[PDB]
Participant: 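Please find one structure pasted underneath; my questions will follow.
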Amino acid sequence: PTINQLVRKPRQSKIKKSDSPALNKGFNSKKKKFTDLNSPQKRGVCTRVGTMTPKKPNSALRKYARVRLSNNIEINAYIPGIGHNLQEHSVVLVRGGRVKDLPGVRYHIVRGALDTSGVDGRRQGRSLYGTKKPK
Amino acid sequence: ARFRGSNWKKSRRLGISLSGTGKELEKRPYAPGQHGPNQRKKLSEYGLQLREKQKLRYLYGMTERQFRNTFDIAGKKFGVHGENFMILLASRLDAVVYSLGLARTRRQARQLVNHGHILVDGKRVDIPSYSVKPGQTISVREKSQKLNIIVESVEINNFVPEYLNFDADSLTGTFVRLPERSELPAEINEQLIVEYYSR
Amino acid sequence: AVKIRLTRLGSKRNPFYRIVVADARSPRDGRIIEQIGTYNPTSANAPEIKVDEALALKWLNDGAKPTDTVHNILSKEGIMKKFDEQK
Amino acid sequence: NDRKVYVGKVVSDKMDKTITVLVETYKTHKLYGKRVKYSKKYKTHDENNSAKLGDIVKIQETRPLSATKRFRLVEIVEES
RNA sequence: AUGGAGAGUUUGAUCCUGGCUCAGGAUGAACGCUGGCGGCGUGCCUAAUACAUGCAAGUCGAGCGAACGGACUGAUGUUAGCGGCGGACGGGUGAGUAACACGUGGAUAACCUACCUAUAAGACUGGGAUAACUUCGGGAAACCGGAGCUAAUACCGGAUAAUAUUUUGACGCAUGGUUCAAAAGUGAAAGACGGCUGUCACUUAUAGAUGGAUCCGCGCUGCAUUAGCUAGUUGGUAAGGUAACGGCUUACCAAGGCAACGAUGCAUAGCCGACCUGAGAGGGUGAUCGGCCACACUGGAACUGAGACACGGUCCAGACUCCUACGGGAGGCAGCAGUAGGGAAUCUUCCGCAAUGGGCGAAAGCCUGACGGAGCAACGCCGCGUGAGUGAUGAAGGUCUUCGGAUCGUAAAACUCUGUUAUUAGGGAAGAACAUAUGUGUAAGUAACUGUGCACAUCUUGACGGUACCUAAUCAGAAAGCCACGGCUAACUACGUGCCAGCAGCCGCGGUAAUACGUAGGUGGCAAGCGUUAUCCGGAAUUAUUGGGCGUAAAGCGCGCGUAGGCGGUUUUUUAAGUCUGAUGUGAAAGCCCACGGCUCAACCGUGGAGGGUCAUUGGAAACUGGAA
């Protein structure tokens, strides 16, 4: 635009909508209010453990878990790895990162953490997927 | 010593002889590993920039984030960024000791500086990364002046670069001059590491 | 009241001090009025001290009161002597 | 010392011993650099209210008079 | 000159447009796997949630009365108390606050200021009490109330005293100013000394310094799907009271005042120096350090005081928690540790006043969870390690194999070699300058002396701490892991599975011959760290001022008339608001950059510059923009 049009109407940049919104909100049990926190991870309770069919191009039974976080927020989280020991009423640690196939899963359950075991036979890539150094 | 590894496999993956002056790239001048003997593919721009950086880094035994830190100091000085970078590497105490001729290689000279056999300006300097300035004195510790390893290499060193005055008697050095690009290793393209860090 | 005192400017076990005219209520390393000089007690042998003369005698005439060791520092430059001469 | 002086235009004389003086000045835009005209209204004291709406007058600051006035009328130069 | 890199992805194929994603740098980070050391830092970002228990503000017996108590008349203590000063500092937190709160620049001829300094004038004369103590009662504590005594630098009354107030004459609007010549009325202390005086208590005036207070220009979040806001509101006239101006408050007048240049309202937020990112322009942020502000369980109020409407002060209300003989009482960690709770997440219920700073004291000294140090945490930055020289890129073993070999690989034994580290066994800093006391002179004032200021040299002391650090022996021994390897993007093979199990940032892979899944070898990138997640800048010219566009990709209102605003033909004269060029003042310090010096280097520290403003005052220029003719 012209300089005068810019002076009257300064340029407005676009706002950035962030992924993993449920990690950006805290809770205050005393005031019954939601806060803004920007947490790396959040801890929740598994209210449902099951398996989800993936998007159309792919075909594989993917394990997931419905997790109610520390907030009053109920999200769906992926379970990386082969074997998992999670049933209902399991405390998990949930990080960011979505699954492309699974529609409605925007988070990942951290393996090898509070009440979540690692992958039994993992030998290369043990930082991810939990599990300690064999021998 | 940080690397503490195979100095042949590195010089075989790289294109230069690092330490040894040819003894490493004689029978197998190709890359190490299972796929080493077979033919080599072409290298992209990034592969060539990274290769030359690894050439100079493994030549001096320094690690990253200290190679990079030294590179950052070089840009501050006047002149060509690449030239002052290699000048600063040639001014390291562990490198000056080897180029003086006190040791027979780079790694051994580091252990001579590290274990405190040097006594720069008559004072114990056991830091391999000490930056030697022109007009100093790189001597040898009195109790270490009867070291067989030191005297085994004091005579076979022969050529000493013009920016270093070496006394065979009393086991002393001087660092008379700032090294020029001529005296520096000629197998390293300085303009290719400058471009690597600008990526 | 107004005090001529030392402000710590050193790291762990390596203290450096500035000779500073400051209010007594102000924090040690906080608000000040004027910087007068420096005091390094960990230098080679003798503690190297640097003091200005015009401002130091200006604040002393205005009623600034040196602490116990600023008195020593002002004495090693004869500042307290010349302050005494002008009765 | 010196108290600041402004020259503006009388835009209100509906109150006794008080006039409103419009001191228009210029403020450049931080980003685009264009000078934009902006105006500021000053409430000034004049015991003998000889200023009438439309006069350019001379204004000088003073101690607080009333809740808003901080200026006095120094000189009236226009007639309108 | 010191500074600017792209790549993948729409199609049968292409060029555009356009979005998405990745490669970089960061953090008070958390999580996963690992983990040797040191030096500098950093460490409840959430519940301004609730707090068990210890400490965080006392000092002066040279101000003075003790039942005082008590060496030996009784040194010394403060048992307890009156009195003075301090408790308004220091420390903590960011709830509230969109405001002259904060930054910058000014103004106050509308202002207060204890201690400190200097100059003067003084400090006269009397009186009555009361703490403490004794003895009676109450009450379950907490405490409370009677009588009888006793001091003070405690209190009160007179004397005298200013530039204090009233009336008098001799500028920048409210004026300021210092002479005059009258009236009223405003004080005080003693203590410990020496031969009348010294010191440090006092009172009154001045100034200075310091610390506060108020006002103003400019700057300083989002929302217009928040458009009309206010009625002490806005101005005036009186009165009051405030350190002081002022609707600050109250009466009476008038109807005023602010607002598309965003009144008001809503939501959010402590502000700044500064930090991160960027080539820059900019964008994001307001941990640690420093300046300002506000707050102290929530909410009102005043007292004392120079200064508070007061974190470890008072009164009241409220919500909690505790005691009670039920009438009544006590409490406030957002001080330092520490506990419970919330959370992904953030530490010892430590030592010392040895240094610096602060309060009180003549000082010795006392207090100081300020501070100086230790404990824990790879949380970060920096530095050093975990070995080196020769040595067959052949052992034996893995993995492939074209069965010939190849690769791990000079890697290993193998000999020599060192002790950075580690162990033990001896030395062992700096930080220390003092204050006081002691002597010695000098200066001022002295009748003189004591005493004070100054000058010198003596004596003293360290938490850290037997800790840095050094020196001897001894050993390669006790010290590497993490992630990747389809392309972006450095690193490929075999086996297992067979659109399953699973991987994935995107393109996507996996359906019996996956360099994309799991494992094994090898490789590569880093390394006491390595990856993942969370958030910001970049790349993004993807808000384009620098630096984009609107025929068909998104975009010209359906078209006029027009108001504010924005812009505006040529010449001359003038002005100087912009513009340009100087000079002053300031833009604190700490930060960034440059240089230099000290830690063995570095991190770090300290010095000196530089830089930083729509800044204020004041000259100069007059082409352009602006004003006038």
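All values below were derived from every heavy atom in this structure, side-chain atoms included, with hydrogens, water molecules and symmetry-related copies excluded. A note on names: the letters A, B, ... follow the listed sequences, proteins ahead of strands, and every chain is numbered from 1.
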Participant: Kindly check the sign of the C1'-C2'-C3'-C4' torsion at E/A364 and name the resulting pucker, north or south.
Facilitator: north
Participant: Using a 3.5 Å limit on both hydrogen-bonding distances, do E/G262 and E/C315 make a Watson-Crick or G-U wobble pair?
Facilitator: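 Under the 3.5 Å cut-off on both distances, the two nucleotides are not paired.
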Participant: Between E/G609 and E/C596, how many Å separate the two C1' atoms, rounded to a whole number?
Facilitator: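 Pairwise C1' distance, E/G609 against E/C596, rounds to 11 Å.
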Participant: By nearest heavy atom, map A/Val110 and A/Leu23 onto RNA chain E; which one lands nearer the 5' end?
Facilitator: A/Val110
Participant: Does E/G32 have a Watson-Crick or wobble mate here (both distances under 3.5 Å), and if so which one?
Facilitator: E/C530
Participant: Tell me, please, if E/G54 and E/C336 meet the Watson-Crick or G-U wobble pairing rule with both distances under 3.5 Å?
Facilitator: yes
Participant: Taking donor-acceptor contacts at under 3.5 Å, does the side chain of B/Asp126 reach the base of E/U420?
Facilitator: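 Checked by distance alone, the answer is no.
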Participant: Between the base of E/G387 and the side chain of B/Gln111, is there any donor-acceptor pair under 3.5 Å?
Facilitator: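 Answer yes: a donor N or O sits under 3.5 Å from an acceptor.
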Participant: Is E/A67 syn or anti, taking syn as a glycosidic angle within 90° of 0?
Facilitator: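 Judged by the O4'-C1' to base torsion, E/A67 sits in anti, the angle falling more than 90° away from 0.
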Participant: For a quick check of understanding: with a heavy-atom distance under 4.0 Å over all strands, which category does A/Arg95 fall into, base, sugar-phosphate or nothing?
Facilitator: sugar-phosphate
Participant: Please tell me whether E/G380 and E/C40 form a Watson-Crick or G-U wobble pair, using a cut-off of 3.5 Å on both distances.
Facilitator: yes
Participant: Assign C/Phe16 to base, sugar-phosphate, or nothing according to its heavy-atom contacts below 4.0 angstrom with the strands shown.
Facilitator: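 Contact class for C/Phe16: sugar-phosphate only.
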Participant: Does E/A362 adopt a syn or an anti glycosidic conformation, taking syn as a chi angle within 90° of 0?
Facilitator: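 It is syn.
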Participant: Using a heavy-atom cut-off of 4.0 Å across all strands, would you classify B/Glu64 as base, sugar-phosphate, or nothing?
Facilitator: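 Contact class for B/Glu64: sugar-phosphate only.
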Participant: Taking only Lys NZ, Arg NE, NH1 and NH2, and the carboxylate oxygens of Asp or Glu, determine whether B/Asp126 and B/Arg124 approach each other closer than 4.0 Å.
Facilitator: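 Looking at B/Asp126 and B/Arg124, the cut-off is met.
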Participant: Output one line per pair: protein atom, nucleotide atom from nucleotides 449-460 of chain E, and distance, for all N/O pairs under 3.5 Å.
Facilitator:
residue, atom, partner, partner atom, Å
E/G453, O2', C/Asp84, OD1, 3.1
E/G453, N2, C/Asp84, OD2, 3.0
E/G453, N3, C/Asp84, OD2, 3.2
E/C454, OP1, C/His71, NE2, 2.4
E/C454, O4', C/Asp84, OD2, 3.0
E/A455, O4', C/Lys81, NZ, 3.4

Participant: Any donor-acceptor pair under 3.5 Å joining the side chain of B/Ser198 to the base of E/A5?
Facilitator: yes
Participant: Look at all strands and tell whether D/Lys27 reaches a base, only sugar-phosphate, or nothing, counting heavy atoms closer than 4.0 Å.
Facilitator: base
Participant: Quote, to the nearest angstrom, the P distance that separates E/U153 from E/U450.
Facilitator: 30 Å
Participant: Any N or O donor-acceptor pair linking the side chain of A/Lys133 to the base of E/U34 at under 3.5 Å?
Facilitator: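 No.
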Participant: Do B/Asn69 side-chain and E/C382 base share a donor-acceptor contact under 3.5 Å?
Facilitator: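 Looking at the base of E/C382, it does not pair with any donor or acceptor on the side chain of B/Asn69 (distance under 3.5 Å).
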Participant: Considering every strand and a 4.0 Å limit on heavy-atom distances, what is the contact class for A/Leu61: base, sugar-phosphate, or nothing?
Facilitator: sugar-phosphate
Participant: With a 3.5 Å cut-off and just heavy-atom distances, do the side chain of A/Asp101 and the base of E/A504 make a donor-acceptor pair?
Facilitator: yes
Participant: Classify the nucleic acid contact of B/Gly33 as base, sugar-phosphate or nothing, counting any heavy atom under 4.0 Å across all strands shown.
Facilitator: sugar-phosphate
Participant: Let's test this: given Watson-Crick or G-U wobble pairing with both distances under 3.5 Å, identify the partner of E/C454.
Facilitator: E/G441
Participant: Tell me whether the sugar of E/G262 sits north or south, going by the sign of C1'-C2'-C3'-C4' (positive is north, negative is south).
Facilitator: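 Sugar pucker of E/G262 - south, given that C1'-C2'-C3'-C4' is below zero.
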Participant: Give none if E/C266 has no partner; otherwise give the nucleotide forming a Watson-Crick or G-U wobble pair with it, both distances under 3.5 Å.
Facilitator: E/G222
Participant: Heavy atoms only, 4.0 Å cut-off, all strands: where does C/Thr67 land among base, sugar-phosphate and nothing?
Facilitator: sugar-phosphate
Participant: Is there a Watson-Crick or G-U wobble pair linking E/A26 and E/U535, both distances under 3.5 Å?
Facilitator: yes
Participant: Using atom P of each nucleotide, how far apart are E/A57 and E/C360 to the nearest Å?
Facilitator: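 Approximately 14 Å lies between the P atom of E/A57 and that of E/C360.
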Participant: Counting side-chain heavy atoms from C-beta on, which of E/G502, E/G235, E/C526 comes nearest to A/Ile82?
Facilitator: E/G502
Participant: For E/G105, give the paired nucleotide (Watson-Crick: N1-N3 plus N6-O4 or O6-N4; G-U: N1-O2 and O6-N3; both under 3.5 Å), or none.
Facilitator: E/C216
Participant: Using a 4.0 Å heavy-atom cut-off, does A/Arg98 contact any base of the nucleic acid, only the sugar-phosphate backbone, or nothing at all?
Facilitator: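 Sugar-phosphate: the residue A/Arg98, judged by heavy atoms under 4.0 Å, touches backbone atoms but no base.
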Participant: With a 3.5 Å limit on both atom pairs, tell me what E/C500 is paired to, counting Watson-Crick and G-U wobble, or say none.
Facilitator: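 Across any shown strand, E/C500 pairs with none.
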Participant: Pick the nucleotide of RNA chain E nearest each of B/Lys10 and C/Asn14; which residue has the one closer to the 5' end?
Facilitator: B/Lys10
Participant: A/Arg111 and side chain to side chain contact (heavy atoms under 4.5 Å, CB included): which partner among A/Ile79, A/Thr131, A/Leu128, A/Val92?
Facilitator: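 Testing A/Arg111 for a side chain to side chain contact (heavy atoms under 4.5 Å, CB included) against A/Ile79, A/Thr131, A/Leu128, A/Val92 leaves exactly one candidate, A/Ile79.
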Participant: Ignoring hydrogens and angles, answer whether the base of E/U210 and the side-chain atoms of C/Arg25 contain a donor-acceptor pair closer than 3.5 Å.
Facilitator: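 Such a pair does not exist between side chain and base.
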Participant: May I ask which nucleotide in the shown strands pairs with E/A520, Watson-Crick or G-U wobble, both distances under 3.5 Å?
Facilitator: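 Across all strands, the one nucleotide that pairs with E/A520 is E/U493.
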Participant: With a 4.0 Å cutoff (strictly under), does any side-chain N or O of B/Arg68 reach OP1 or OP2 of E/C526?
Facilitator: no
Participant: Could you check which nucleotide pairs with E/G282 in any of the strands shown, counting Watson-Crick or G-U wobble with both distances under 3.5 Å?
Facilitator: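 WC or wobble partner is E/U277.
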Participant: Could one point to a donor on the side chain of A/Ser127 or the base of E/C482 with an acceptor on the other under 3.5 Å away?
Facilitator: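 Per atom types, no contact qualifies.
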Participant: Using a heavy-atom cut-off of 4.0 Å across all strands, would you classify B/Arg141 as base, sugar-phosphate, or nothing?
Facilitator: sugar-phosphate
Participant: When we call it a touch if two heavy atoms are under 4.0 Å apart, what does D/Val74 touch: a base, just sugar-phosphate, or nothing?
Facilitator: nothing
Participant: Given that both distances must come in under 3.5 Å, which nucleotide forms a Watson-Crick or G-U wobble pair with E/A239?
Facilitator: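 E/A239 is paired, partner E/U249.
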Participant: Would you indicate what C/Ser11 reaches in the nucleic acid, counting non-hydrogen atoms under 4.0 angstrom: base, sugar-phosphate, or nothing?
Facilitator: sugar-phosphate
Participant: Would A/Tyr64 and A/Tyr78 count as a ring-ring contact (aromatic ring centres under 6.0 Å, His included) if you check the C-alpha gap in whole Å, the side-chain angles of each, and the deciding distance to 0.1 Å?
Facilitator: CA-CA 5 Å; A/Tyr64 83 109; A/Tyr78 191 36; 9.5 Å; no
Participant: OP1 or OP2 of E/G565 versus the side-chain N and O atoms of A/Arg8: is any pair under 4.0 Å?
Facilitator: no
Participant: Report yes or no: do E/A621 and E/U579 constitute a Watson-Crick or wobble pair with both atom distances shorter than 3.5 Å?
Facilitator: yes
Participant: How far apart are the C-alpha atoms of D/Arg72 and D/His45, what are their side-chain angles, what is the distance that settles it, and do they pass the side-chain hydrogen bond (donor to acceptor under 3.5 Å, both in side chains) test?
Facilitator: CA-CA 5 Å; D/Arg72 87 202 159 92; D/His45 180 51; over 6 Å; no
Participant: Who passes salt bridge (charged side-chain N to carboxylate O under 4.0 Å, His left out) against C/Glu48, sequence neighbours left out?
Facilitator: none
Participant: Just jot down the side-chain hydrogen bond (donor to acceptor under 3.5 Å, both in side chains) partners of C/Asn61, sequence neighbours excluded, or say none.
Facilitator: none
Participant: Check for me: is B/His35 stacked on E/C492 by the 5.5 Å centroid and 30° plane-angle rule?
Facilitator: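 B/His35 ring does not meet the centre or angle cut-off for E/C492; no stack.
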Participant: Are E/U356 and E/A370 a pair by Watson-Crick or G-U wobble criteria, both distances short of 3.5 Å?
Facilitator: yes
Participant: Wobble or Watson-Crick, both distances short of 3.5 angstrom: do E/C85 and E/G58 pair?
Facilitator: yes
Participant: Would the base of E/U543 count as contacting A/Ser13 through its side chain, where contact means a donor and an acceptor less than 3.5 Å apart?
Facilitator: no
Participant: Walk me through it: do D/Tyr38 and D/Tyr26 pass the test ring-ring contact (aromatic ring centres under 6.0 Å, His included)?
Facilitator: CA-CA 6 Å; D/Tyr38 87 92; D/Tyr26 283 121; 8.7 Å; no
Participant: Please determine whether E/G19 and E/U9 constitute a Watson-Crick or G-U wobble pair, defined by two donor-acceptor distances each under 3.5 Å.
Facilitator: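 E/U9/E/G19: base pair present.
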Participant: Taking atom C1' in both E/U104 and E/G273, compute the distance separating them and give it to the nearest angstrom.
Facilitator: 12 Å
Participant: Just checking: is there a Watson-Crick or G-U wobble pair between E/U93 and E/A294, both distances under 3.5 Å?
Facilitator: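 A pair, by the stated definition.
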